[PDB]
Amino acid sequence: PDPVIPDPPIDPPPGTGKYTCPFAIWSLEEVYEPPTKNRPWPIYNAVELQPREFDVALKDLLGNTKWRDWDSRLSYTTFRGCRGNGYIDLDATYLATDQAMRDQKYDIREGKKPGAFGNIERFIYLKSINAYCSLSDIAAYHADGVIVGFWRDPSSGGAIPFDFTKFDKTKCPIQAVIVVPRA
């Protein structure tokens, strides 16, 4: 008996403009400290890059549907909604956890910044611009940063889970990191 034909994936809509990543972006390639038994990932030295643009307009990602707002960072005031129809925000707080680092359902690197205190932060990889962005920066008090992905998995009728641990970069690749406008 033939194998079952899988349902085809869902593709993101095209972008209608460009949008510069509104937080600092970085290259993490040089190793600062090798993995240890308790920390099975290296720490990199973070090197700053000049700003880059995603190939979507901010308005492409915005609309009138609700953000998941997993970590409640957007709950304190009225924001422009999400475009929805497959676009959705990811949990920037979860992605900075040891758990998210162990799993690498998304590619996340730990790195040491330049500067007085030499802060060690977790950096989400952004394939769209092949560069890294600090989860610390995106989720800072009043930054109003959102990581926007697009749900591609046609399973369960294409429904987006209400459990962020069900997400991964193949099911839901990152499309952009934005500052969501107030409304």
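Numbers for residues come from their place in the sequence shown, where the first is 1.
Of the two segments, 83 to 91 and 109 to 117, the one listed with the higher mean B-factor is 109 to 117 (C-alpha atoms only). For the two regions 29 to 37 and 146 to 154, the entry's Cα B-factors average higher over 29 to 37.
The deposited CA B-factor of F54 belongs to the middle third of values across its chain.
For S128, the recorded CA B-factor ranks within the highest third of the chain. Only modelled residues enter the ranking. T170: CA B factor in the lowest third of modelled residues in this chain (values from the PDB entry). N45: CA B factor lies in the lowest third for its chain, per the PDB record. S134: CA B factor lies in the lowest third for its chain, per the PDB record.
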